[PDB]
Structures are given as structure tokens and as C-alpha cells.
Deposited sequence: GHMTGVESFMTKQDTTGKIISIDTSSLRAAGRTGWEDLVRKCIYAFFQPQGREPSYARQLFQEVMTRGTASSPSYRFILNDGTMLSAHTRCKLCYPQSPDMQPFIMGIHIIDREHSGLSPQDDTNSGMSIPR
């Protein structure tokens, strides 16, 4: 599984990212990949809020959330998709752990 993790505080600010799995995956361009994926996650979905905002609102009320697939474009024109799941964790202050899973197919 090609993925990366984020941690957000309860304002939704990202306070860390873990790219260890991407760096072990043997492909170049993972920095561009992570930026592009995050930016796609945070983009307004037409008239609806971004998946980031939808997941944040849901996870803070109900403790878990999941996005459908969203697409983004690497610098060389390569089209990928990802989806995101997250979880409110009570350890310290409470934080939101998110996993972002890449589909290359």
C-alpha cells in the first residue's frame, strides 16, 4: 500500500506528515505527489465543501470519516487518485490521524 499519514490538531491544521511509506516505495517524485494529493484533498468540490472540510466536520462530531476517491496530476502530466480516512484520537491534546491511500491504476 502506497500511502502517507497526517496528524491534525482540532482546528484542522496539519501538525505532522509521515512520508516513510512513500520513501520506501522506490519511486521518484513523492514530494510532488504529497503536495498535489493534499491540495486536491483541500479543493472545493464544485458547490460542496472540499473533502478535507467534510472529513474534518464529520470526524470531530462522530470520531471517524472517509472520503471517496479524488484525482490529481503530477508535474509530468501523470494522473493519480487517492482517498482519505481519518480518526479522532484521545491520547496531550486530542488529534486527528489521517491516512491517504494512493491508487496508481
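When the deposited sequence is numbered from 1, the segments without any C-alpha atom are 1-5, 97-100, 115-132.
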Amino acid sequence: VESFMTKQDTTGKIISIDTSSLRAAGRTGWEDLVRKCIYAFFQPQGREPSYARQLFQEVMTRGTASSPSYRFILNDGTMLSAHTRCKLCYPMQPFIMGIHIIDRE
From here on, numbers count along this sequence of modelled residues.
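Between the stretches 42-50 and 67-75, it is 42-50 that shows the larger average CA temperature factor. Among the modelled residues of its chain, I14 has a C-alpha B-factor that falls in the middle third according to the deposited record. When all modelled residues of the chain are sorted by CA temperature factor, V59 is found within the middle third.
Per the PDB record, residue ranking by Cα B-factor puts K7 in the middle third of the chain.
Sorting the modelled residues of the chain by their CA temperature factor places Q93 in the highest third.
In the PDB entry, a CA B factor belonging to the lowest third of its chain's modelled residues is recorded for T84.
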